[PDB]
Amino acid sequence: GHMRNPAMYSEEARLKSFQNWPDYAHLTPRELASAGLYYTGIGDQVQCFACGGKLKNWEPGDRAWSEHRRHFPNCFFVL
């Protein structure tokens, strides 16, 4: 039940991780960081600071909160 990455607990540090986030992924760094996700610097691949859950292949129409919660129901952040 532990926070997987406390260095990314800050929402501002998650936002700063989004250098070179690609245009095709459609979702914004603001929306993704607010749902607890930070950029791993590879493709559109993000990870949660809380559950360590990894998400990729983002599509227009996805919601960062909704994808995060539906795939990681154990996550305390989006619970």
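We number the residues from 1 along the sequence you see.
J.: Note whether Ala13 lacks coordinates in a third or more of the other compared entries that model its flanking residues.
T.: Looking at the other entries that model residues on either side of it, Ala13 is present in every one.
J.: Does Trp58, which is modelled here, drop out in at least a third of the other compared PDB entries?
T.: Residue status for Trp58: no gap in any other entry.
J.: Per the entry, where is the mean C-alpha temperature factor higher: 58-66 or 21-29?
T.: It is 21-29 that shows the higher mean C-alpha B-factor.
J.: Could you look up the Cα B-factor of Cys75 in the entry and say which third of the chain it sits in: lowest, middle or highest?
T.: Bottom third by C-alpha B-factor.
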